[PDB]
Each structure stands twice: as C-alpha cells, then as structure tokens.
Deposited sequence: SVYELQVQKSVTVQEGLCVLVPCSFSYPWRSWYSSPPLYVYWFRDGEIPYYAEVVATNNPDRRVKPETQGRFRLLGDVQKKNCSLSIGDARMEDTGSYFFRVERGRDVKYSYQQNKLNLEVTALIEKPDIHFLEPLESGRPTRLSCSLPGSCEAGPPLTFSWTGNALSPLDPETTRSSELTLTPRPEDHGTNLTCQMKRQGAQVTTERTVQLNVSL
C-alpha cells in the first residue's frame, strides 16, 4: 500500500530520562495546486482519533493529553516524511502501545495499525557525571560540573545538590547549582564528594573520592 511507516516496533527508556524514536511515513497524495495542511498525530493504543487527545501532534487545534504535554514532541519536518517522536522525561506511566496517523484534505485519513510502537519505561539506574579538568590541586579553585547522560530539558528542570565534608567550608547556597567551583584543603584529600539530581522521587547520585595533591 502507499500507506507505510518507518519505525522500530519496540523501545525503552529509563524513567526520568529521554529517548528519541526516529520515524518516517509515506502516504498517497494527489499533488497539484491543491495544498491543504498535513496533520499527523500519535495516539495511545485503543483510542479513537475523532474523540481522543493526542499524545503528540502538529495540529494546533487538537488538545494534548495533559500527561504528555511537553514530554512527547514531534521532531523535524513533516513535509519531509518526519514523524520522529522525541519522548522526554520518561515516566513509568508512559509504558504502552502507540499508533501514528495522518490527515490531509478530506480523503487522506489513516492510522497505521500495522506499525505500532511499544514504550517500556524501566527504573532509573543511570547515575550523574561529575567532571573536572583533573587538576585536584590544593589551594587552587577548580570547576566541577555534574550532569545526567541522556537527559532532555523537556520536563521540569533537574535539581542539583552536592554533598561531602569537602562542602562544609562553603556556602550551603551555591551547593544547588549544576556546576560547582571549589578550593580544596588538605582535609578534603580522600574525602567523598557527591552529586544528587532530581526532577522537581528518584535516586541518582554519583560519589567520587577526592585526590587533592601538593
């Protein structure tokens, strides 16, 4: 059939993180002057287009499930066969089946029930990433940045909070910034530094053992 969709049938993301489902679609047109808007939609399996809220869509009229507003986002150009569903801030609840649909003019209307998707939202194991130039020299200010791999800025901003006896010397105020500059002491050497990240209730932290020197 001229109706065909390109996209892996099953997928998985760690809760709180975000995956990227590349997708592509074709549909019989009937080109010539006539150029009505092309609307596509992602729906949860089981729902009826006519009365369902989109999981994601480019139709500025169709309501979007409050649940997914901001997290499921269609990428690229649709005029260019692109139906890539960028899933963000995976939530256990998102686990499920999903179908795609196109609508153009009065006669092009179809839900690809042959090529469904399967989102599996597994628990979060990933731990942040503490990163510093590797100087680790006493009496010298260095900058550490903490980040969670494979994370989008789709959902509510992530929160940072460092920990370790090496922190007590500074202001409990600037211990909440993603990045943290520090000036180590002999005491700090061999101490545990930690970074915890939340999404505005997960457990993600990376503790590193300091190697201050000279």
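Unmodelled region of the deposited sequence, numbered from residue 1: 201-202 only.
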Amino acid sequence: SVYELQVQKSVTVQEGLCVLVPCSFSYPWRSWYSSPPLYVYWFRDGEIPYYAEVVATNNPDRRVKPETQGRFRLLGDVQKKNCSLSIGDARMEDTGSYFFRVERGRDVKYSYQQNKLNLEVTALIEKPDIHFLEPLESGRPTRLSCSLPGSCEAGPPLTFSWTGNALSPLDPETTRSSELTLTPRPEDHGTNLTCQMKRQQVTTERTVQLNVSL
From here on, numbers count along this sequence of modelled residues.
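Averaged over their C-alpha atoms, the temperature factors of 105-113 and 132-140 are higher for 132-140. 45-53 and 169-177 differ in mean CA B-factor, and the higher of the two is recorded for 169-177.
When the Cα B-factors of 66, 156, 28, 60 are read from the PDB record, 156 comes out highest. In this PDB entry, residue 202 carries a Cα temperature factor that places it within the highest third of its chain's modelled residues. In the deposited entry, the Cα temperature factor of residue 184 places it in the highest third of its chain's modelled residues. Sort the chain's modelled residues by C-alpha temperature factor and residue 149 lands in the middle third, per the entry.
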